[PDB]
Amino acid sequence: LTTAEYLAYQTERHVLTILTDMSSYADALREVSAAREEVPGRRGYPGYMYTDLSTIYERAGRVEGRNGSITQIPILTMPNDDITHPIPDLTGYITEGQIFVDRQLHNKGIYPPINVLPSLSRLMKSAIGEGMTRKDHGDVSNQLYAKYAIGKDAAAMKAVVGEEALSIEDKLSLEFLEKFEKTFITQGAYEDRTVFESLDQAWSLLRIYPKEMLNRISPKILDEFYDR
Amino acid sequence: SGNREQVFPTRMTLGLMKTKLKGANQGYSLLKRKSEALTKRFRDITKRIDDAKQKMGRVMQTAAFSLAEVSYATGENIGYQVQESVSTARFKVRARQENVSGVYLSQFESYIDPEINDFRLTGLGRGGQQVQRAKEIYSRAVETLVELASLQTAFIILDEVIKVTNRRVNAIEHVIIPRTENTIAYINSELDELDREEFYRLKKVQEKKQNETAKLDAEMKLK
Amino acid sequence: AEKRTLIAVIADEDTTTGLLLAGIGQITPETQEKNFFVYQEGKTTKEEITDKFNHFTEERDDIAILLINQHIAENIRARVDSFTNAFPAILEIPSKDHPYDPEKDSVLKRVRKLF
Amino acid sequence: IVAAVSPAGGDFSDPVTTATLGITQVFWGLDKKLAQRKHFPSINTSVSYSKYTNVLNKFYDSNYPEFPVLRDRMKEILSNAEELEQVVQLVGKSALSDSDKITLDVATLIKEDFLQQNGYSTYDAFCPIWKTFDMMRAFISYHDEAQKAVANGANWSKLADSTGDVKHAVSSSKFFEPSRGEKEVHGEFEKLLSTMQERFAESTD
Amino acid sequence: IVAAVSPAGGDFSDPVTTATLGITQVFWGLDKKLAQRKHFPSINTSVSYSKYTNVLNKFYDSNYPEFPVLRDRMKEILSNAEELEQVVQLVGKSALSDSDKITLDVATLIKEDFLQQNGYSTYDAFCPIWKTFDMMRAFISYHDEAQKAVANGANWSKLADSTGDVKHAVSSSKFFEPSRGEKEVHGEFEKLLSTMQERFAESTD
Amino acid sequence: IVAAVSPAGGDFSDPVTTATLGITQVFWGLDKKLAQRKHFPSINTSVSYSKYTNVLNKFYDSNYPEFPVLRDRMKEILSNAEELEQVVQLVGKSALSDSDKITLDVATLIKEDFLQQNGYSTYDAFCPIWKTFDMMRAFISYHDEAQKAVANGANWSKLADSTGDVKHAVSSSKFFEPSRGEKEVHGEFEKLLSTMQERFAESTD
């Protein structure tokens, strides 16, 4: 983070700092805390866990005057796959969202195993619009999330009410979920997809549905992006 | 406070019961949506059976007057002749088999007997027309009976599924939730508190020992 | 279960049997018993009708529909008792000689109650 | 290293296992349910992992080219069927589609005949890599044949009844004594897979 | 002190949020679901209690005498509709009585045009207390006239279709400009109520 | 030494209780849920135990020879009631057989009339051992006669109202004043047993 602050403020270049496995950093912070003979706080981590996590995370963000900007993507391992653990909890309590990697999708062979349904970016709407990325990006995101949720619950119901008793929306949603998880989320390890190209794939995926079933997307965007 | 589950509080138990709560919650939602699907089908069956009842008014009256016209042609009630006419008239009810909304509702698909008109050909010419009208009314009757069989079997299934979802949301989920509430919030927090008390007592003992070592030295150093 | 055929026994009106046996009927040549027992149009006590209903809907293994004349509004309790299952006999209440399909029909009563 | 970790009462909440998980590239975690069923070995095929799946591709591409694809297919079948089982145990198997029934049944076949391994009998005491690869191929191709056949008309109950012989063949393929050598064991598996394909082609019509 | 509480994981059970809920008299209770439906200000009226309603009678009776009973009526009809949505889910809409359908329609009008405030337009960015009170009178009078003219008159649907203009007027009552002056706005609301009364009198025939 | 253990929070796992257990041969674990509904003496039959039943058999065979058999029968039907209630609170009384219904009814009778004891009224302040044994015979005989009548053909739903006088006599058998003397009370109990047997024989004709 000191190098990032240098490169981003004393020079001008942006920077996307990555902090791999902050859970191991918390593990090391436990050793420092116990070295000082401090009593353990919750879960064994020191009570000031939040302070020394914040003093890392909050060293990022754009700055008035200086053109640079530090973007953090602090990766961290779920200790036992529970949000309630102090480290994921505190990080989600300081950071601007979360981007899950899900065991369930990884066992299917998907890569990356990003779980879209719980993952969210709180201030995504700032980075989306006409000026940056295409103008349909926000509504494409909204509709993709909605149809993915429909696909997930309808995949749950395929085993309950049978495939034939699902409404045509849910049948199209199963087809969309299969193609989604297998072609859109599923990305080659070395496949660089430009955000415009990824939106083009998203559109090639959403045009499964008729224009009327894409209720989430504004009509002014459908009338110029659905057909191409 | 509330319905305990009388479980032994430990971290493996908290995780197990949290997964069990997740399973029961998704099961409640899943069975609730199965129940809405089945009750949609059930309401369709109820409206069709009411329509078939008012058909058993009107169309049955029409077929009865077909019989009445045949009797008028014959000049007398042919019912006595029709009595004990044949052992198996030209109609039968095949074994029901179907699967509606995930439930094997048994709708009877009755079909005409291959030995058609086993009791026809009696009296004047209106007998055949009355037989055909009776066969049409009997097809309507097979339809109404199939709708009623659905409105009974799916009624039982919808009652069982609805009471299972209600039992879940009332007893099962609302007893699993207090079980985890106990296991973590009361007991695990209490045990961590005890352990932190023990550690603080250790820290106090260690600090007083080092301090007195500090005062015995630093006093040998003072003089 | 196995295939079977309908029957109509409710003492209100047996003319429905005359109007229906032209197309659909049932007798047991092996048992020498007319499965489509007449209703006598009120010429018999309800005990015989109840016995025949018990034989058809609780002793016969072959499953099919069954019909009942305006007496279905009279024997509603027994109809509710025997209507616990769609088999062996899913009852029905045709109008017979008079318009007699009101809200008093047992199946219609159950539908309205669950409505 | 092969560092056994006694799991104690807990499953993974024990801090030794949690601290180990951040270090070991491979973690064959225990499965309590498979142990209570006496299903040996009883490793959990849903929470275990090997960060060595991708580095080994340099070795797979030279000897067993289809091994990674088959492993991914096997994992996909097992995971989809565990999802499906988590529902059917709560509702029942009546509503399952034919493809769902195949996924569930092939998962049971896998979990009983591929994943399971006695480890004490003269056969299957040490399942060499080529025999394991050939059984992966046999099971995956059996699932593929079933899915493709029910993609056509053939309903799956009659198909299972008619190809019970093929199912038993792929199930008992584990019995192939590995001391016979790859030269002839691979021939046995080729014969098995060919008869499998021809039987499914026959029963499709 | 309007002090927000944002617990660690949205648990709303940790001692800080329990203490604040115990001490803070009014808890306006925002909701995520009401925000996703774009129903700003996203107040969840089910849980958003307020224990300052009682001490404010000394202010209401001074210069808005009917306000307390008026909000009690609005809250009770809103809660009745919230309860009756469950009955609509259980059994078809037709099974509801005429009075129940009146309650549902009026509370939908409430949720759409009284609670739901644009906040960005110039007409309802600032809803003064007098305009809020007059809108409350209009809405509650609408429910009362519908309720009375149905309990002593024709079916709810016939009146609703016959007096859809009145419902549109009370819905568009949100658009009256607060900048127009308190006296002018109050006179306009009185005009709306008078036209209301005469229109319900006409449609009663 | 009889010593109440008064655990904090009502938790049986409270360390003073756990230490007290393992050294006390008897454990009359009271339950707060029963004491809330004024069901005295509020003992919890599910978890209470007494390691002294094995050594008391000598006294019982010397004085009340069939006391232990009756105790075993009573605890058996109580446990059957507990499992049946666990089933019913999730399924409902419909799925219950007829013997299950009679077990539930007799166990409710016991829990309201035998196990319960007002502790302050003149009739149940001190229930001497002979009256307790007599009521065990009365309640178990009622259960046996009802079970036999159900087995012999009479459905319990019809039997309930026909023999309701006998069930009420059993319920009111706890009002037999202990000071009336062993001869008087035992004569009354023999009368109750004879009336039970004759009425249950008559009602099953």
# chains A, B, ... in the order shown; residues from 1 in each chain; ligands from 1
call {"tool": "select_by_dssp", "arguments": {"residues": "chain C", "states": "helix (DSSP H, G or I)", "output": "ChimeraX atom specification"}}
result
/C:15-20,40-42,46-59,70-73,76-82,106-114
call {"tool": "residues_around", "arguments": {"residues": "residue 150 (chain E)", "least_positions_apart": "5", "cutoff": "10 Å", "atoms": "only C-alpha atoms", "output": "PDB file with N, CA, C and O atoms, in the first residue's frame"}}
result
ATOM      1  N   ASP E  98     -66.655  -7.261  -0.273  1.00  0.00           N
ATOM      2  CA  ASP E  98     -66.564  -5.935  -0.876  1.00  0.00           C
ATOM      3  C   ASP E  98     -65.771  -4.981   0.006  1.00  0.00           C
ATOM      4  O   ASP E  98     -64.940  -4.215  -0.493  1.00  0.00           O
ATOM      5  N   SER E  99     -66.011  -5.013   1.318  1.00  0.00           N
ATOM      6  CA  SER E  99     -65.270  -4.140   2.224  1.00  0.00           C
ATOM      7  C   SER E  99     -63.782  -4.457   2.201  1.00  0.00           C
ATOM      8  O   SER E  99     -62.941  -3.550   2.224  1.00  0.00           O
ATOM      9  N   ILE E 102     -62.330  -3.036  -0.837  1.00  0.00           N
ATOM     10  CA  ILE E 102     -62.174  -1.599  -0.637  1.00  0.00           C
ATOM     11  C   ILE E 102     -60.891  -1.312   0.123  1.00  0.00           C
ATOM     12  O   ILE E 102     -60.122  -0.413  -0.235  1.00  0.00           O
ATOM     13  N   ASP E 144     -63.497   6.101   3.512  1.00  0.00           N
ATOM     14  CA  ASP E 144     -64.738   6.132   4.278  1.00  0.00           C
ATOM     15  C   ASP E 144     -65.960   6.213   3.372  1.00  0.00           C
ATOM     16  O   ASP E 144     -66.956   5.524   3.610  1.00  0.00           O
ATOM     17  N   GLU E 145     -65.914   7.057   2.341  1.00  0.00           N
ATOM     18  CA  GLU E 145     -67.042   7.155   1.425  1.00  0.00           C
ATOM     19  C   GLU E 145     -67.240   5.856   0.661  1.00  0.00           C
ATOM     20  O   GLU E 145     -68.372   5.390   0.501  1.00  0.00           O
ATOM     21  N   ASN E 155     -72.200  -2.883  -5.379  1.00  0.00           N
ATOM     22  CA  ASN E 155     -70.948  -3.619  -5.325  1.00  0.00           C
ATOM     23  C   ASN E 155     -69.762  -2.677  -5.481  1.00  0.00           C
ATOM     24  O   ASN E 155     -69.860  -1.614  -6.097  1.00  0.00           O
ATOM     25  N   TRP E 156     -68.623  -3.091  -4.922  1.00  0.00           N
ATOM     26  CA  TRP E 156     -67.449  -2.224  -4.908  1.00  0.00           C
ATOM     27  C   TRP E 156     -66.961  -1.918  -6.319  1.00  0.00           C
ATOM     28  O   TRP E 156     -66.571  -0.783  -6.612  1.00  0.00           O
ATOM     29  N   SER E 157     -66.972  -2.915  -7.204  1.00  0.00           N
ATOM     30  CA  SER E 157     -66.432  -2.717  -8.545  1.00  0.00           C
ATOM     31  C   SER E 157     -67.193  -1.634  -9.296  1.00  0.00           C
ATOM     32  O   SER E 157     -66.589  -0.807  -9.990  1.00  0.00           O
ATOM     33  N   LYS E 158     -68.521  -1.631  -9.177  1.00  0.00           N
ATOM     34  CA  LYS E 158     -69.330  -0.656  -9.899  1.00  0.00           C
ATOM     35  C   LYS E 158     -69.000   0.763  -9.456  1.00  0.00           C
ATOM     36  O   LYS E 158     -68.831   1.662 -10.287  1.00  0.00           O
ATOM     37  N   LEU E 159     -68.896   0.985  -8.144  1.00  0.00           N
ATOM     38  CA  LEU E 159     -68.527   2.308  -7.653  1.00  0.00           C
ATOM     39  C   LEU E 159     -67.112   2.684  -8.071  1.00  0.00           C
ATOM     40  O   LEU E 159     -66.866   3.820  -8.489  1.00  0.00           O
ATOM     41  N   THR E 204     -73.882   7.112  -5.871  1.00  0.00           N
ATOM     42  CA  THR E 204     -74.666   6.295  -4.951  1.00  0.00           C
ATOM     43  C   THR E 204     -76.021   5.928  -5.544  1.00  0.00           C
ATOM     44  O   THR E 204     -76.544   4.843  -5.267  1.00  0.00           O
TER      45      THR E 204
END
call {"tool": "residues_around", "arguments": {"residues": "region 134-145 of chain A", "least_positions_apart": "4", "cutoff": "6 Å", "atoms": "only C-alpha atoms", "output": "PyMOL selection string"}}
result
chain A and resi 129-130+216-217
call {"tool": "write_last_selection", "arguments": {"atoms": "N, CA and C atoms", "output": "tab-separated table (two decimals), in the first residue's frame"}}
result
chain	number	residue	atom	x	y	z
A	129	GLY	N	-22.12	3.56	-17.21
A	129	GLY	CA	-22.89	4.61	-17.85
A	129	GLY	C	-22.40	4.86	-19.26
A	130	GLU	N	-22.85	5.98	-19.81
A	130	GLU	CA	-22.48	6.33	-21.17
A	130	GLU	C	-21.00	6.65	-21.28
A	216	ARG	N	-36.68	-6.10	-17.12
A	216	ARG	CA	-35.73	-5.33	-16.33
A	216	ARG	C	-35.04	-4.25	-17.16
A	217	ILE	N	-34.76	-4.53	-18.42
A	217	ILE	CA	-34.06	-3.58	-19.28
A	217	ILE	C	-35.03	-2.51	-19.75
call {"tool": "residues_around", "arguments": {"residues": "region 190-195 of chain F", "least_positions_apart": "2", "cutoff": "8 Å", "atoms": "only C-alpha atoms", "output": "list in words"}}
result
residues 138, 141, 166, 169, 170, 186, 187, 188, 197, 198 and 199 of chain F
call {"tool": "calpha_fit_rmsd", "arguments": {"fixed": "chain F", "moving": "chain D"}}
result
0.7 Å
call {"tool": "closest_residue", "arguments": {"among": "D:71, D:168, D:137, D:180", "to": "chain A", "atoms": "only C-alpha atoms"}}
result
D:71
call {"tool": "residues_around", "arguments": {"residues": "residue 128 (chain B)", "least_positions_apart": "2", "cutoff": "12 Å", "atoms": "only C-alpha atoms", "output": "PyMOL selection string"}}
result
(chain B and resi 66-67+69-70+116-126+130-135) or (chain C and resi 22-23)
call {"tool": "write_last_selection", "arguments": {"atoms": "N, CA and C atoms", "output": "short mmCIF file (atom, residue, chain, number, x, y, z; two decimals), in the first residue's frame"}}
result
data_model
loop_
_atom_site.label_atom_id
_atom_site.label_comp_id
_atom_site.auth_asym_id
_atom_site.auth_seq_id
_atom_site.Cartn_x
_atom_site.Cartn_y
_atom_site.Cartn_z
N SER B 66 -83.32 -36.60 -25.20
CA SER B 66 -83.09 -37.52 -26.31
C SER B 66 -83.75 -38.86 -26.01
N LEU B 67 -83.56 -39.35 -24.78
CA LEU B 67 -84.24 -40.56 -24.35
C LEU B 67 -85.75 -40.38 -24.36
N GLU B 69 -87.51 -38.36 -26.33
CA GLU B 69 -87.96 -38.38 -27.72
C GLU B 69 -87.97 -39.80 -28.27
N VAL B 70 -86.96 -40.60 -27.91
CA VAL B 70 -86.96 -41.99 -28.32
C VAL B 70 -88.16 -42.72 -27.74
N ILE B 116 -69.29 -52.82 -29.58
CA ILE B 116 -70.19 -51.68 -29.58
C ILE B 116 -71.63 -52.14 -29.78
N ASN B 117 -72.57 -51.36 -29.23
CA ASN B 117 -74.00 -51.57 -29.42
C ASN B 117 -74.42 -52.97 -28.98
N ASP B 118 -73.86 -53.44 -27.86
CA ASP B 118 -74.21 -54.76 -27.36
C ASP B 118 -75.65 -54.84 -26.89
N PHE B 119 -76.31 -53.70 -26.64
CA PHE B 119 -77.70 -53.69 -26.23
C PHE B 119 -78.55 -52.75 -27.08
N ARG B 120 -78.04 -52.32 -28.23
CA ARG B 120 -78.78 -51.44 -29.12
C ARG B 120 -79.68 -52.28 -30.02
N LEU B 121 -80.25 -51.66 -31.06
CA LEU B 121 -81.13 -52.34 -32.01
C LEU B 121 -82.37 -52.90 -31.32
N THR B 122 -83.20 -51.98 -30.83
CA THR B 122 -84.47 -52.34 -30.23
C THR B 122 -85.46 -51.19 -30.43
N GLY B 123 -86.67 -51.53 -30.86
CA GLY B 123 -87.72 -50.54 -31.02
C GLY B 123 -87.70 -49.83 -32.36
N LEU B 124 -87.85 -48.51 -32.33
CA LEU B 124 -87.88 -47.69 -33.53
C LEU B 124 -86.47 -47.18 -33.84
N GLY B 125 -86.37 -46.24 -34.79
CA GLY B 125 -85.07 -45.76 -35.23
C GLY B 125 -84.38 -44.83 -34.26
N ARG B 126 -85.13 -44.21 -33.34
CA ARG B 126 -84.53 -43.28 -32.40
C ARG B 126 -83.64 -43.96 -31.37
N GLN B 130 -80.45 -42.25 -29.52
CA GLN B 130 -80.41 -42.17 -28.07
C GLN B 130 -79.15 -42.84 -27.52
N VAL B 131 -78.73 -43.95 -28.13
CA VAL B 131 -77.51 -44.61 -27.70
C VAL B 131 -76.30 -43.71 -27.93
N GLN B 132 -76.26 -43.03 -29.08
CA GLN B 132 -75.15 -42.12 -29.36
C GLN B 132 -75.15 -40.94 -28.39
N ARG B 133 -76.32 -40.37 -28.12
CA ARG B 133 -76.40 -39.27 -27.16
C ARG B 133 -75.98 -39.73 -25.77
N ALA B 134 -76.38 -40.95 -25.39
CA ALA B 134 -75.96 -41.50 -24.11
C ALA B 134 -74.46 -41.70 -24.06
N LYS B 135 -73.86 -42.12 -25.17
CA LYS B 135 -72.40 -42.27 -25.21
C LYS B 135 -71.70 -40.93 -25.07
N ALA C 22 -78.30 -46.90 -22.44
CA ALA C 22 -78.24 -46.98 -23.89
C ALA C 22 -76.80 -46.88 -24.39
N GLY C 23 -75.98 -46.07 -23.74
CA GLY C 23 -74.59 -45.93 -24.13
C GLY C 23 -73.61 -46.58 -23.18
#
call {"tool": "residues_around", "arguments": {"residues": "residue 85 (chain C)", "least_positions_apart": "2", "cutoff": "7 Å", "atoms": "only C-alpha atoms", "output": "ChimeraX atom specification"}}
result
/B:152 /C:83,87
call {"tool": "residues_around", "arguments": {"residues": "residue 9 (chain A)", "least_positions_apart": "6", "cutoff": "12 Å", "atoms": "only C-alpha atoms", "output": "ChimeraX atom specification"}}
result
/A:1-3,15,59-70
call {"tool": "write_last_selection", "arguments": {"atoms": "N, CA and C atoms", "output": "PDB file, in the first residue's frame"}}
result
ATOM      1  N   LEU A   1       0.813  -1.205   0.000  1.00  0.00           N
ATOM      2  CA  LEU A   1       0.000   0.000   0.000  1.00  0.00           C
ATOM      3  C   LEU A   1       0.850   1.259   0.000  1.00  0.00           C
ATOM      4  N   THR A   2       2.030   1.242   0.617  1.00  0.00           N
ATOM      5  CA  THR A   2       2.897   2.411   0.513  1.00  0.00           C
ATOM      6  C   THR A   2       3.401   2.593  -0.908  1.00  0.00           C
ATOM      7  N   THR A   3       3.784   1.500  -1.566  1.00  0.00           N
ATOM      8  CA  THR A   3       4.154   1.601  -2.973  1.00  0.00           C
ATOM      9  C   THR A   3       2.988   2.095  -3.811  1.00  0.00           C
ATOM     10  N   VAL A  15      -3.625   2.518 -10.050  1.00  0.00           N
ATOM     11  CA  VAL A  15      -3.077   1.251  -9.589  1.00  0.00           C
ATOM     12  C   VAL A  15      -4.205   0.418  -9.004  1.00  0.00           C
ATOM     13  N   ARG A  59      -6.570   2.880   2.831  1.00  0.00           N
ATOM     14  CA  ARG A  59      -5.522   3.574   2.091  1.00  0.00           C
ATOM     15  C   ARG A  59      -5.727   3.404   0.595  1.00  0.00           C
ATOM     16  N   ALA A  60      -6.927   3.739   0.137  1.00  0.00           N
ATOM     17  CA  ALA A  60      -7.283   3.574  -1.259  1.00  0.00           C
ATOM     18  C   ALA A  60      -8.462   4.468  -1.577  1.00  0.00           C
ATOM     19  N   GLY A  61      -8.529   4.894  -2.829  1.00  0.00           N
ATOM     20  CA  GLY A  61      -9.601   5.753  -3.274  1.00  0.00           C
ATOM     21  C   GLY A  61      -9.057   6.930  -4.044  1.00  0.00           C
ATOM     22  N   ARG A  62      -9.879   7.531  -4.893  1.00  0.00           N
ATOM     23  CA  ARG A  62      -9.418   8.679  -5.647  1.00  0.00           C
ATOM     24  C   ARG A  62      -9.122   9.837  -4.700  1.00  0.00           C
ATOM     25  N   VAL A  63      -8.489  10.870  -5.234  1.00  0.00           N
ATOM     26  CA  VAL A  63      -8.043  11.998  -4.430  1.00  0.00           C
ATOM     27  C   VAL A  63      -8.320  13.293  -5.174  1.00  0.00           C
ATOM     28  N   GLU A  64      -8.798  14.297  -4.444  1.00  0.00           N
ATOM     29  CA  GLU A  64      -8.968  15.622  -5.015  1.00  0.00           C
ATOM     30  C   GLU A  64      -7.611  16.216  -5.351  1.00  0.00           C
ATOM     31  N   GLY A  65      -7.461  16.684  -6.584  1.00  0.00           N
ATOM     32  CA  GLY A  65      -6.190  17.210  -7.036  1.00  0.00           C
ATOM     33  C   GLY A  65      -5.329  16.196  -7.760  1.00  0.00           C
ATOM     34  N   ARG A  66      -4.804  15.212  -7.036  1.00  0.00           N
ATOM     35  CA  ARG A  66      -3.940  14.219  -7.658  1.00  0.00           C
ATOM     36  C   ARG A  66      -4.768  13.279  -8.523  1.00  0.00           C
ATOM     37  N   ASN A  67      -4.305  13.040  -9.750  1.00  0.00           N
ATOM     38  CA  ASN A  67      -5.113  12.318 -10.727  1.00  0.00           C
ATOM     39  C   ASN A  67      -5.172  10.821 -10.462  1.00  0.00           C
ATOM     40  N   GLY A  68      -4.224  10.280  -9.714  1.00  0.00           N
ATOM     41  CA  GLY A  68      -4.156   8.850  -9.519  1.00  0.00           C
ATOM     42  C   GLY A  68      -5.253   8.332  -8.615  1.00  0.00           C
ATOM     43  N   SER A  69      -5.237   7.017  -8.421  1.00  0.00           N
ATOM     44  CA  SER A  69      -6.268   6.351  -7.640  1.00  0.00           C
ATOM     45  C   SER A  69      -5.901   4.905  -7.361  1.00  0.00           C
ATOM     46  N   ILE A  70      -6.007   4.480  -6.109  1.00  0.00           N
ATOM     47  CA  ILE A  70      -5.683   3.118  -5.712  1.00  0.00           C
ATOM     48  C   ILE A  70      -6.970   2.313  -5.666  1.00  0.00           C
TER      49      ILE A  70
END
call {"tool": "closest_residue", "arguments": {"among": "A:4, A:110, A:213, A:120", "to": "chain D", "atoms": "only C-alpha atoms"}}
result
A:110
call {"tool": "interface_residues", "arguments": {"of": "chain F", "to": "chain B", "cutoff": "9 Å", "atoms": "only C-alpha atoms", "output": "short mmCIF file (atom, residue, chain, number, x, y, z; two decimals) with C-alpha atoms, in the first residue's frame"}}
result
data_model
loop_
_atom_site.label_atom_id
_atom_site.label_comp_id
_atom_site.auth_asym_id
_atom_site.auth_seq_id
_atom_site.Cartn_x
_atom_site.Cartn_y
_atom_site.Cartn_z
CA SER F 13 -25.83 -28.42 31.74
CA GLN F 89 -47.50 -31.83 16.41
CA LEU F 90 -46.08 -32.23 12.89
CA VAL F 91 -48.66 -34.54 11.25
#
call {"tool": "interface_residues", "arguments": {"of": "chain A", "to": "chain D", "cutoff": "7 Å", "atoms": "only C-alpha atoms", "output": "tab-separated table (two decimals) with N, CA, C and O atoms, in the first residue's frame"}}
result
chain	number	residue	atom	x	y	z
A	79	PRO	N	-12.38	-18.75	6.31
A	79	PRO	CA	-11.79	-19.75	7.21
A	79	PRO	C	-12.53	-21.08	7.20
A	79	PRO	O	-11.90	-22.13	7.02
A	80	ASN	N	-13.84	-21.07	7.39
A	80	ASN	CA	-14.63	-22.29	7.29
A	80	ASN	C	-15.89	-22.04	6.50
A	80	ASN	O	-16.95	-22.60	6.78
A	107	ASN	N	-16.77	-26.94	-8.02
A	107	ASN	CA	-16.88	-28.39	-8.16
A	107	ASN	C	-17.49	-28.79	-9.49
A	107	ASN	O	-17.33	-29.94	-9.91
A	108	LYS	N	-18.19	-27.89	-10.16
A	108	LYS	CA	-18.71	-28.16	-11.49
A	108	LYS	C	-17.67	-27.95	-12.57
A	108	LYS	O	-17.97	-28.15	-13.75
A	109	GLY	N	-16.45	-27.55	-12.21
A	109	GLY	CA	-15.42	-27.29	-13.18
A	109	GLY	C	-15.44	-25.90	-13.77
A	109	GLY	O	-14.60	-25.60	-14.63
A	159	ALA	N	-36.86	-30.41	-9.96
A	159	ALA	CA	-36.95	-31.67	-9.23
A	159	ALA	C	-38.21	-31.78	-8.39
A	159	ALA	O	-38.41	-32.80	-7.74
A	160	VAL	N	-39.07	-30.76	-8.40
A	160	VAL	CA	-40.23	-30.70	-7.52
A	160	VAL	C	-41.53	-30.78	-8.30
A	160	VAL	O	-42.41	-31.57	-7.98
A	161	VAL	N	-41.66	-29.95	-9.34
A	161	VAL	CA	-42.86	-29.93	-10.16
A	161	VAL	C	-42.60	-30.51	-11.54
A	161	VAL	O	-43.45	-30.38	-12.43
A	162	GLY	N	-41.46	-31.14	-11.75
A	162	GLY	CA	-41.15	-31.71	-13.05
A	162	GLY	C	-40.82	-30.64	-14.07
A	162	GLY	O	-41.20	-29.48	-13.90
A	163	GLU	N	-40.12	-31.02	-15.14
A	163	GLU	CA	-39.69	-30.02	-16.11
A	163	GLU	C	-40.87	-29.48	-16.91
A	163	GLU	O	-40.90	-28.29	-17.25
call {"tool": "interface_residues", "arguments": {"of": "chain B", "to": "chain A", "cutoff": "7 Å", "atoms": "only C-alpha atoms", "output": "list in words"}}
result
residues 34, 101, 102, 199 and 200 of chain B
call {"tool": "atom_distance", "arguments": {"atom1": "CA of residue 57 (chain C)", "atom2": "CA of residue 100 (chain B)"}}
result
25.5 Å
call {"tool": "atom_distance", "arguments": {"atom1": "CA of residue 66 (chain D)", "atom2": "CA of residue 28 (chain D)"}}
result
23.0 Å
